[PDB]
Amino acid sequence: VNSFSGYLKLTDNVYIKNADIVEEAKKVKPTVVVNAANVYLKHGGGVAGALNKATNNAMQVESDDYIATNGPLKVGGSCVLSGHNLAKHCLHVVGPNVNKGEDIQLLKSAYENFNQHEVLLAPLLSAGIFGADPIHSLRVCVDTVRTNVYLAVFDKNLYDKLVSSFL
Ligand SMILES: OC1(CNc2ncnc3[nH]ccc23)CCOCC1
Ligand SMILES: [Cl-]
């Protein structure tokens with residue numbers, strides 16, 4: 001039993017809700033919140049910009065030190081950093097950015113990072129400003145993630161379409 005509330009159950013391990021991931025994280029304080037990161041951990045917009053703003057830029061400060069030490073992530077890769085005031089940990093996961101020409105096949109590799117964590121609050125990878133089809137992202141999530149994932153979908157209109165078309 002966990003403290004996630006109001007989710008629709010899609011499969012044995014995948015749950016979905018119309019919610020602002022920032023507000024969800026502040027309420028639940030989950031062990032792991034997933035950020036929709038880029039390889040530079042430049043949290044300028046989308047989910048990443050919103051999560052960073054909620055940390056008063058502390059996420060960006062930590063991220064800049066991480067990059068200065070380690071260099072960029074790989075598309076499809078991830079790193080675990082602090083969750084600041086939002087979660088115990090933040091799993092920064094890089095889905096492919098379609099608006100950069102990146103190979104959508106890497107979306108499965110990106111979701112595989114979730115399997116290293118027993119429970120996660122997460123957005124749909126590569127959705128929004130990363131340019132992928134969210135229906136496809138949800139399908140890849142369900143077919144790749146085996147741990148317990150709670151998906152926050154900000155757009156109410158998009159949430160209803162994902163549920164109604166879910167196979
Ligand atoms: O959910 C999508 C990604 N964007 C966010 N998701 C959750 N919480 C958020 N807070 C700020 C941005 C944001 C992906 C599916 O298409 C709709 C947008
Ligand atoms: Cl977005």
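In this chain, numbering begins with 1 at the start of the sequence shown. All values below come from the heavy atoms of this structure, side chains included, with hydrogens, waters and symmetry mates left out.
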Check your understanding: Do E112 and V145 pass the side-chain contact (heavy atoms from CB on, under 4.5 Å) test, and can you show the C-alpha distance, the side-chain angles, and the key distance before you say yes or no?
Key -> CA-CA 6 Å; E112 288 170 342; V145 181; over 6 Å; no
Practice item. Could you tell me whether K27 and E24 make a salt bridge, using a distance below 4.0 angstrom between a side-chain N and a carboxylate O? Key: no
Practice item. Inspect the contact between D143 and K108 and indicate whether a charged nitrogen and a carboxylate oxygen are less than 4.0 angstrom apart. Key: no
Contact between [X] and [Y] at the side-chain level, heavy atoms closer than 4.5 Å - yes or no?
X    : Y    : result
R139 : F166 : yes
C79  : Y66  : yes
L10  : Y15  : no
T31  : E118 : no
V39  : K74  : no
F4   : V119 : yes
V33  : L91  : no
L51  : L86  : yes

Exercise for review: Go through the steps for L73 and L41 under the test side-chain contact (heavy atoms from CB on, under 4.5 Å), then give the verdict.
Suggested key: CA-CA 8 Å; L73 296 182; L41 303 180; 4.0 Å; yes
When you measure from the side chain of [X] to the backbone N and O of [Y], does any donor-acceptor pair fall under 3.5 Å?
X    : Y    : answer
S164 : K161 : no
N18  : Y159 : no
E62  : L81  : no
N13  : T147 : yes
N113 : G76  : yes
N85  : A54  : yes

With rounding to the nearest 0.5 Å, note down the distance linking [atom1] in [X] to [atom2] in [Y].
X    : Y    : atom1 : atom2 : answer
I135 : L158 : CD1   : CG    : 7.5 Å
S137 : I104 : OG    : CD1   : 7.5 Å
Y150 : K9   : OH    : NZ    : 7.5 Å
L124 : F154 : CG    : CZ    : 14.5 Å
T144 : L107 : OG1   : CG    : 7.5 Å
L138 : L162 : CG    : CG    : 5.5 Å

Exercise for review: For side-chain contact (heavy atoms from CB on, under 4.5 Å), just list the numbers for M59 and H92, CA-CA rounded to whole Å, side-chain angles, deciding distance to a tenth of an Å, and then say yes or no.
Suggested key: CA-CA 11 Å; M59 178 180 285; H92 295 273; 3.8 Å; yes
Locate the shortest heavy-atom distance separating [X] from [Y]; write the atom from each residue and the value.
X    : Y    : result
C141 : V149 : SG-CG1, 4.1 Å
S3   : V28  : OG-CG1, 3.5 Å
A110 : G95  : CB-CA, 4.0 Å
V47  : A36  : CB-CB, 4.1 Å
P123 : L151 : O-CD2, 3.9 Å
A152 : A19  : CB-O, 3.8 Å

**Study point:** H43 and its side chain to side chain donor-acceptor pair (under 3.5 Å) partner, picked from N35, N52, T55, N38
**Key:** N35
In terms of hydrophobic clusters joined by side-chain contacts under 4.5 Å, are [X] and [Y] together?
X    : Y    : value
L8   : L121 : no
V61  : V80  : no
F130 : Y111 : no
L125 : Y40  : no
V140 : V34  : yes

Practice item. Using the side-chain contact (heavy atoms from CB on, under 4.5 Å) rule, take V32 and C90 through it: C-alpha gap first, then chi angles, then the decisive distance, then the call. Key: CA-CA 6 Å; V32 179; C90 180; over 6 Å; no
Review point. Do other residues, nucleotides or ligands put more than 12 heavy atoms under 6.0 Å from the CD atom of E23?
Key: yes
Practice item. Tell me, with the steps shown, if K17 and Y7 meet side chain to side chain donor-acceptor pair (under 3.5 Å). Key: CA-CA 5 Å; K17 184 181 181 182; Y7 285 75; 5.3 Å; no
